[PDB]
Every structure is written in structure tokens, then in C-alpha cells.
>>> print(open('final-v8.cif').read())   # mmCIF, C-alpha atoms
data_query
#
loop_
_atom_site.group_PDB
_atom_site.id
_atom_site.type_symbol
_atom_site.label_atom_id
_atom_site.label_comp_id
_atom_site.auth_asym_id
_atom_site.auth_seq_id
_atom_site.Cartn_x
_atom_site.Cartn_y
_atom_site.Cartn_z
ATOM 1 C CA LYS A 1 -44.429 -23.578 -75.175
ATOM 2 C CA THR A 2 -44.555 -21.688 -71.907
ATOM 3 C CA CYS A 3 -41.666 -20.114 -70.096
ATOM 4 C CA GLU A 4 -41.067 -20.314 -66.411
ATOM 5 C CA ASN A 5 -38.937 -17.948 -64.345
ATOM 6 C CA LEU A 6 -38.341 -17.175 -60.680
ATOM 7 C CA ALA A 7 -40.723 -14.953 -58.823
ATOM 8 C CA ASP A 8 -38.431 -12.102 -58.010
ATOM 9 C CA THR A 9 -40.418 -10.317 -55.379
ATOM 10 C CA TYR A 10 -41.069 -13.650 -53.668
ATOM 11 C CA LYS A 11 -38.613 -14.014 -50.848
ATOM 12 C CA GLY A 12 -39.165 -17.034 -48.754
ATOM 13 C CA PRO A 13 -40.332 -20.626 -49.088
ATOM 14 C CA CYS A 14 -43.598 -21.777 -50.597
ATOM 15 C CA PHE A 15 -45.828 -23.048 -47.846
ATOM 16 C CA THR A 16 -48.917 -22.871 -49.946
ATOM 17 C CA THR A 17 -48.927 -23.149 -53.734
ATOM 18 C CA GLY A 18 -52.092 -21.033 -53.801
ATOM 19 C CA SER A 19 -50.190 -18.130 -52.269
ATOM 20 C CA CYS A 20 -47.302 -18.630 -54.713
ATOM 21 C CA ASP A 21 -49.781 -18.944 -57.589
ATOM 22 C CA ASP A 22 -51.460 -15.725 -56.507
ATOM 23 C CA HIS A 23 -48.097 -14.030 -56.234
ATOM 24 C CA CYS A 24 -46.975 -14.903 -59.750
ATOM 25 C CA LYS A 25 -50.289 -13.675 -61.141
ATOM 26 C CA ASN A 26 -50.527 -10.430 -59.179
ATOM 27 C CA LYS A 27 -46.956 -9.426 -58.396
ATOM 28 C CA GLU A 28 -45.019 -10.956 -61.279
ATOM 29 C CA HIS A 29 -48.037 -10.338 -63.592
ATOM 30 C CA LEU A 30 -47.561 -13.803 -65.100
ATOM 31 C CA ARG A 31 -49.743 -16.821 -65.880
ATOM 32 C CA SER A 32 -49.350 -18.991 -62.761
ATOM 33 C CA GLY A 33 -46.877 -20.048 -60.102
ATOM 34 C CA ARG A 34 -45.534 -23.423 -59.142
ATOM 35 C CA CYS A 35 -43.452 -24.232 -56.134
ATOM 36 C CA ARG A 36 -40.278 -26.260 -56.424
ATOM 37 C CA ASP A 37 -38.877 -28.892 -53.988
ATOM 38 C CA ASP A 38 -36.383 -26.209 -53.039
ATOM 39 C CA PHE A 39 -39.492 -24.213 -51.992
ATOM 40 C CA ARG A 40 -38.825 -21.435 -54.451
ATOM 41 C CA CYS A 41 -41.502 -20.144 -56.801
ATOM 42 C CA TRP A 42 -41.183 -20.582 -60.482
ATOM 43 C CA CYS A 43 -43.796 -18.655 -62.286
ATOM 44 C CA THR A 44 -45.167 -20.149 -65.414
ATOM 45 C CA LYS A 45 -45.718 -17.523 -68.068
ATOM 46 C CA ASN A 46 -46.995 -17.478 -71.576
ATOM 47 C CA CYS A 47 -44.650 -16.603 -74.365
#
>>> encode(input="final-v8.cif", output="C-alpha cells")
Amino acid sequence: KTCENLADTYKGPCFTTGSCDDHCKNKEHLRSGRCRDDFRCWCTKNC
């Protein structure tokens, strides 16, 4: 029951999920962040 959208202010590949995770929480103000195989960050959010 969670939604997951692209981190918009995240330009670049995910080299460390921790960084991406941090980004989705701080910058996107969401729940967490998970990196895709395509290296882009999809931020898991609550809905």
C-alpha cells in the first residue's frame, strides 16, 4: 500500500543506496529510496 515515484532532484546514477535513501528522505521528503537496475532512484512513500 505504498507508492513509489522518481526522485526528481536526483540527477545521476545510484552508486550507493544509502545516499539515494537519504536523498528520498531529505530532499523528496518521502519514506525511503530504492535504486533501480537502471540506476535511477525510486522513492518509496507512504500513501
>>> resolve_selection(input="final-v8.cif", expression="the PyMOL selection byres ((chain A and resi 46) around 12)", output="list in words")
residues 1, 2, 3, 4, 5, 25, 29, 30, 31, 32, 33, 43, 44, 45 and 47 of chain A
>>> resolve_selection(input="final-v8.cif", expression="the PyMOL selection byres ((chain A and resi 8) around 9)", output="list in words")
residues 5, 6, 7, 9, 10, 11, 27, 28 and 41 of chain A
>>> write_last_selection(input="final-v8.cif", atoms="C-alpha atoms", output="mmCIF file, in the coordinates of the input")
data_model
loop_
_atom_site.group_PDB
_atom_site.id
_atom_site.type_symbol
_atom_site.label_atom_id
_atom_site.label_comp_id
_atom_site.auth_asym_id
_atom_site.auth_seq_id
_atom_site.Cartn_x
_atom_site.Cartn_y
_atom_site.Cartn_z
ATOM 1 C CA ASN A 5 -38.937 -17.948 -64.345
ATOM 2 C CA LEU A 6 -38.341 -17.175 -60.680
ATOM 3 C CA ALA A 7 -40.723 -14.953 -58.823
ATOM 4 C CA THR A 9 -40.418 -10.317 -55.379
ATOM 5 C CA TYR A 10 -41.069 -13.650 -53.668
ATOM 6 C CA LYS A 11 -38.613 -14.014 -50.848
ATOM 7 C CA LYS A 27 -46.956 -9.426 -58.396
ATOM 8 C CA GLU A 28 -45.019 -10.956 -61.279
ATOM 9 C CA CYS A 41 -41.502 -20.144 -56.801
#
>>> atom_distance(input="final-v8.cif", atom1="CA of residue 36 in chain A", atom2="CA of residue 23 in chain A")
14.5 Å
>>> atom_distance(input="final-v8.cif", atom1="CA of residue 39 in chain A", atom2="CA of residue 14 in chain A")
5.0 Å
>>> axis_aligned_box(input="final-v8.cif", around="range 6-16 of chain A", padding_each_side="3 Å", output="lines of an AutoDock Vina configuration file")
center_x = -43.6
center_y = -16.7
center_z = -54.3
size_x = 16.6
size_y = 18.7
size_z = 18.8
